[PDB]
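Shown next, in structure tokens, is the structure this report addresses.
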Amino acid sequence: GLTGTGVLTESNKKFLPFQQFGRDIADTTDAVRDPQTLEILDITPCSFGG
Amino acid sequence: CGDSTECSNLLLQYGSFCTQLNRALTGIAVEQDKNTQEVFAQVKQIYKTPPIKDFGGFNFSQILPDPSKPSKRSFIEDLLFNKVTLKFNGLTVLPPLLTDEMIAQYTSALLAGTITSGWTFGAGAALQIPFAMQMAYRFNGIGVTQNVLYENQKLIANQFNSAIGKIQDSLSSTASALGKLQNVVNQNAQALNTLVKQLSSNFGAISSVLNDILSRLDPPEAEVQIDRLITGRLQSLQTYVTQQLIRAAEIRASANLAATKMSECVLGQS
Amino acid sequence: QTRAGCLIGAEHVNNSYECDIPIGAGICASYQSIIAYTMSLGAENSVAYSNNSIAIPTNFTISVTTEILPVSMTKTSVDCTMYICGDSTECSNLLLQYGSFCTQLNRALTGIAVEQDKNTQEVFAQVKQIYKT
Amino acid sequence: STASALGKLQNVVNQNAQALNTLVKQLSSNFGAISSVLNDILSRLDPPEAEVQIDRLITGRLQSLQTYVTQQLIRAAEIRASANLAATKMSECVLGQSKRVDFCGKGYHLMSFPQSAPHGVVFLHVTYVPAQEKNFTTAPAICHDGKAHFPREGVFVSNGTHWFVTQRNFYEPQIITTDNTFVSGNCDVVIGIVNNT
Amino acid sequence: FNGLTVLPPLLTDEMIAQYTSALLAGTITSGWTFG
Ligand SMILES: *[C@@H]1O[C@H](CO)[C@@H](O[C@@H]2O[C@H](CO)[C@@H](O)[C@H](O)[C@H]2NC(C)=O)[C@H](O)[C@H]1NC(C)=O
Ligand SMILES: *[C@@H]1O[C@H](CO)[C@@H](O[C@@H]2O[C@H](CO)[C@@H](O)[C@H](O)[C@H]2NC(C)=O)[C@H](O)[C@H]1NC(C)=O
Ligand SMILES: *[C@@H]1O[C@H](CO)[C@@H](O[C@@H]2O[C@H](CO)[C@@H](O)[C@H](O)[C@H]2NC(C)=O)[C@H](O)[C@H]1NC(C)=O
Ligand SMILES: *[C@@H]1O[C@H](CO)[C@@H](O[C@@H]2O[C@H](CO)[C@@H](O)[C@H](O)[C@H]2NC(C)=O)[C@H](O)[C@H]1NC(C)=O
Ligand SMILES: *[C@@H]1O[C@H](CO)[C@@H](O[C@@H]2O[C@H](CO)[C@@H](O)[C@H](O)[C@H]2NC(C)=O)[C@H](O)[C@H]1NC(C)=O
Ligand SMILES: *[C@@H]1O[C@H](CO)[C@@H](O[C@@H]2O[C@H](CO)[C@@H](O)[C@H](O)[C@H]2NC(C)=O)[C@H](O)[C@H]1NC(C)=O
Ligand SMILES: *[C@@H]1O[C@H](CO)[C@@H](O[C@@H]2O[C@H](CO)[C@@H](O)[C@H](O)[C@H]2NC(C)=O)[C@H](O)[C@H]1NC(C)=O
Ligand SMILES: *[C@@H]1O[C@H](CO)[C@@H](O)[C@H](O)[C@H]1NC(C)=O
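Chains as they are written, first to last, in the authors' numbering: chain G, 543 to 592; chain V, 741 to 826, 852 to 1035; chain H, 642 to 673, 689 to 789; chain Z, 938 to 1134; chain B, 853 to 887.
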């Protein structure tokens, strides 16, 4: 139910055993936990520029 | 819009605001580069200090560049750089034209020129002059006869060395002596942060995200909701741009003052 | 590949010239084909310092240089009720219920124009009499 | 011969023209209404919704006009700063000779002349620039009869065999006399004093 | 046009030329004393 675009990588963050996802500041999601493997991923916005 | 075709189509009938906003920001950036270059590029050649340093007993080790460090910066410059400390949502930050190494090279050139040639190098070709005689000229310029300098050389050198050491210690220990630069950094960061934070507002619509509005209503009123969000976000962006313009004007005034001080007090005696 | 991004269509050389077209992060490009390079801060020399040596000029030159400064801009004036209504009674009546957003604009523009005249007058009128050669 | 030396005045003119052009071209936008021309809206439908369409037009055009005025205010402030600087320059570098270095011209200032330009002023600065340097051996004072002599104006130099006094900015040697020097103390505490007559 | 007007400056360019001529003649003949 959490939707968004980006590129997914492996992350070394340690979610305490009841969180689902994390955000840094200004309410922007940065990491998620996959409901099956139960491992922490990382989200990076797809590149852009002028 | 954030990648919504309907949002883009609605936005198409608002005119040519984007050209205006981007034009203003471009003007600001070009002005920043001109400010830095105007302040610092005061010389034509890159002078170098001689390997042997006997400046009549005066000691400049704290401000001359140190080749040991990769930064090629002096002691005080490293202290200053360690003192003050600090592509996401369609907004970008562009790098400056001059790197820090180039700024350090300019500063070193000015220092070497003034130590070795007095004020001559600022009005033509640098002319060599022994340092004690230069200090004698500088005393003679404030109404004290040069007689005084030569008979009190050691005392004057000791006082100068002690003062340099004291300013080093005071800068290293005491904090909050650089309030202006930290203030500038904080202001820029805060403005950008609030501009980003404004995305989560509602502006009187039913939701703050386009996807929900699109997926929970038919077009006839979905258009109204997107229109409200569009006008709100547009107004916020305008406010940001105007604040940036005001702040840039203030900074330009300060930079002009800095350039005048460098020209009139480093290249000569005031 | 540069610290400012990626660049295609230009050749990277090892020399260092005067900057023509700024690119950023300390590099810029110029036309020769198009080449990109690192800026040169200027020449390089080491003044010959010593504790008993001096240098004295023996000749001089007289130089003339220019300095250009703008002092004024054109004075413009704009009318609300013609700009946004274009001689329509209904538009005027509808605009009437917005208070005064058109006294303010006219005052601002008039102030700007008077300032322009004052600028020119204080820059140039510096003498009381008209001297003649 | 060379053009493009008057970039600043051209930039001012171009900015003003661009702002006017965008303001006048903004008049052709719907702003969400059914048309961009007010006469056709009036001629095509009844009042009760003519007010709706006209409200959309009115709010759009007001926003555009306000943006234009604000930009004009900022630009005017900048121009006034420049004009004040120009007035100071003409007061200081034309009606007198200036000592503050590099304020007008590069070198040692001598005088300046003004000329008029369509929206600004042009100063011609005349400066003195030394050239054709030479190198000499120098000393800070002269010991003679157990007394130390210093120069009144100038500096001691030697071409290898004899010593002279010169002014600092032009080579013009002269014989060291008791008239162009003054005495204070004995030659004991000065570092680098030399023996002569 | 649609309500946009341009106003002429108060000092015509002949008068500005006359001021510059006066300043330049004064500085040639008397130096800085006339200031
Ligand atoms: C969902 O079910 C699958 C299927 O069993 C689980 O995957 C197994 O996970 C264990 C734990 O490491 C492994 O030893 C097995 O080899 C896995 N088998 C397969 C087929 O994947 C998975 O862990 C379950 N996820 C949950 C319960 O959240
Ligand atoms: C100029 O001052 C510096 C102070 O930074 C002197 O360097 C210090 O010298 C003392 C005595 O040798 C050492 O104990 C310090 O460790 C030195 N400090 C550093 C940072 O190296 C330097 O000696 C002085 N110059 C001369 C010619 O004496
Ligand atoms: C100082 O420089 C000037 C010009 O830079 C020298 O005058 C020139 O002298 C040569 C040879 O006598 C002539 O061919 C040139 O025509 C002169 N120039 C002008 C403008 O007249 C002058 O000789 C130099 N001073 C000294 C002492 O050599
Ligand atoms: C005066 O004499 C000195 C020393 O003789 C000259 O110094 C020259 O400096 C350059 C750059 O450092 C060296 O390349 C030369 O080899 C030096 N000349 C020597 C060592 O004879 C200096 O150029 C002379 N002239 C002036 C105006 O100072
Ligand atoms: C330094 O300058 C002095 C004076 O200008 C030179 O002494 C003169 O040299 C000429 C050349 O033969 C003689 O005709 C004069 O009689 C000398 N004057 C005196 C008072 O003896 C001296 O030669 C110069 N030194 C050098 C190395 O050029
Ligand atoms: C100027 O510099 C020279 C050379 O750097 C100094 O000469 C030195 O003097 C000391 C003390 O007499 C001697 O021990 C050294 O051998 C000298 N150096 C050389 C290379 O011979 C001189 O003392 C300095 N100060 C002046 C001339 O006032
Ligand atoms: C300048 O002259 C004085 C005297 O003419 C010199 O002083 C003499 O120095 C020598 C060697 O140091 C001593 O043996 C004498 O006793 C000194 N005489 C007097 C009267 O003090 C002095 O050395 C000379 N200076 C130089 C640089 O040679
Ligand atoms: C010169 O440039 C080439 C390619 O631009 C590069 O491979 C080389 O390292 C540079 N330096 C030297 C010394 O050849």
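Virtual Cβ for every residue (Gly too), placed ideally from N, Cα, C.
Chain V within 8 angstroms of residue i, Cβ atoms only
| i | result |
| --- | --- |
| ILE740 (chain H) | no |
| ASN656 (chain H) | no |
| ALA666 (chain H) | yes |
| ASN701 (chain H) | yes |
| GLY546 (chain G) | no |
| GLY591 (chain G) | yes |
| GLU1015 (chain Z) | yes |
| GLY1083 (chain Z) | no |
| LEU697 (chain H) | yes |
Closer than 8 angstroms to chain H by CB, residue i
| i | result |
| --- | --- |
| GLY883 (chain B) | no |
| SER1019 (chain Z) | yes |
| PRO790 (chain V) | yes |
| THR864 (chain V) | yes |
| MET900 (chain V) | no |
| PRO807 (chain V) | no |
| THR1115 (chain Z) | no |
| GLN893 (chain V) | yes |
| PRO860 (chain V) | yes |
| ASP934 (chain V) | no |
Neighbour flag for residue i against chain Z, beta carbons, 8 angstroms
| i | result |
| --- | --- |
| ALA651 (chain H) | no |
| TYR787 (chain V) | no |
| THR857 (chain B) | no |
| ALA869 (chain B) | yes |
| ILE768 (chain H) | yes |
| residue 698 (chain V) | This structure gives no information on residue 698 (chain V), because the portion of chain V shown stretches from 741 to 1035. |
| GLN782 (chain H) | yes |
| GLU659 (chain H) | no |
Rounded distance between the beta-carbons of residue j and residue i, thought under 8 angstroms
| i | j | result |
| --- | --- | --- |
| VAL913 (chain V) | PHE925 (chain V) | Rounded, the Cβ-Cβ distance is 15 angstroms, inconsistent with contact. |
| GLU700 (chain H) | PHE1060 (chain Z) | At roughly 33 angstroms, the Cβ-Cβ gap does not stay under 8 angstroms, so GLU700 (chain H) and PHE1060 (chain Z) are not in contact. |
| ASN953 (chain Z) | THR730 (chain H) | 6 angstroms |
| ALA645 (chain H) | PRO860 (chain V) | 6 angstroms |
| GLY889 (chain V) | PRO1067 (chain Z) | 6 angstroms |
| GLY1091 (chain Z) | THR1075 (chain Z) | 11 angstroms between Cβ atoms; not a contact. |
| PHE968 (chain Z) | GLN753 (chain V) | 7 angstroms |
| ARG575 (chain G) | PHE563 (chain G) | 7 angstroms |
| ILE690 (chain H) | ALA651 (chain H) | 4 angstroms |
| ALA891 (chain V) | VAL703 (chain H) | 5 angstroms |
is_contact[residue i, chain B] using C-beta, thresh 8 angstroms
| i | result |
| --- | --- |
| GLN952 (chain Z) | no |
| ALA764 (chain H) | no |
| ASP743 (chain H) | no |
| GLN1052 (chain Z) | yes |
Any C-beta of chain G under 8 angstroms from that of residue i
| i | result |
| --- | --- |
| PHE853 (chain V) | yes |
Taking beta-carbon pairs under 7 angstroms, can you tell me which members of the region 563-585 of chain G lie near chain V?
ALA568, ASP569
Going along the region 902-917 of chain V in order, which residues come within less than 7 angstroms of chain Z, judged by CB to CB distance?
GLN911, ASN912, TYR915, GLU916
Any residue whose CB is nearer than 6 angstroms to a heavy atom belonging to ligand 8, listed in chain order
H:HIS653, H:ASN655
Counting only Cβ-Cβ distances shorter than 8 angstroms, please list the residues of the region 705-737 of chain H near chain V, keeping chain order.
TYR705, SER706, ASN707, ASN708, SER709, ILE710, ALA711, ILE712, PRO713
For the region 1037-1119 of chain Z, which segments carrying the beta strand (DSSP E) assignment without a break, of at least 3 residues, lie completely within its bounds, in sequence order?
1045-1054, 1057-1076, 1079-1081, 1084-1088, 1092-1095, 1100-1103
Would you list, in chain order, the members of the region 1025-1037 of chain Z that have their beta-carbon closer than 9 angstroms to a beta-carbon of chain B?
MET1027, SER1028, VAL1031, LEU1032, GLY1033, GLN1034
Please list, in chain order, all residues with a C-beta atom less than 6 angstroms from at least one heavy atom of ligand 1.
G:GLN578, G:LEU580
In chain order, which beta strand (DSSP E) runs of at least 3 residues are fully inside the region 860-907 of chain V?
none
Within 7 angstroms of ligand 7: residues by beta-carbon to any heavy atom:
Z:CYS1080, Z:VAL1131, Z:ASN1132
Check each residue of the region 937-967 of chain V: if its Cβ is closer than 7 angstroms to any Cβ of chain G, include it; give the result in chain order.
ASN958, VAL961, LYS962, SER965
Among all residues, which have a Cβ less than 5 angstroms from at least one non-hydrogen atom of ligand 2, and in what chain order do they fall?
V:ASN799, V:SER801
Contacting positions in the region 969-1002 of chain Z - beta carbon closer than 7 angstroms to chain B:
none
For ligand 5, residues whose Cβ lies under 6 angstroms from any non-hydrogen atom
Z:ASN1096, Z:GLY1097, Z:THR1098, Z:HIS1099
With a cut-off of 7 angstroms, give the chain-ordered residues whose Cβ is closer than this to any heavy atom of ligand 3.
H:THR714, H:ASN715, H:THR717, Z:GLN1069
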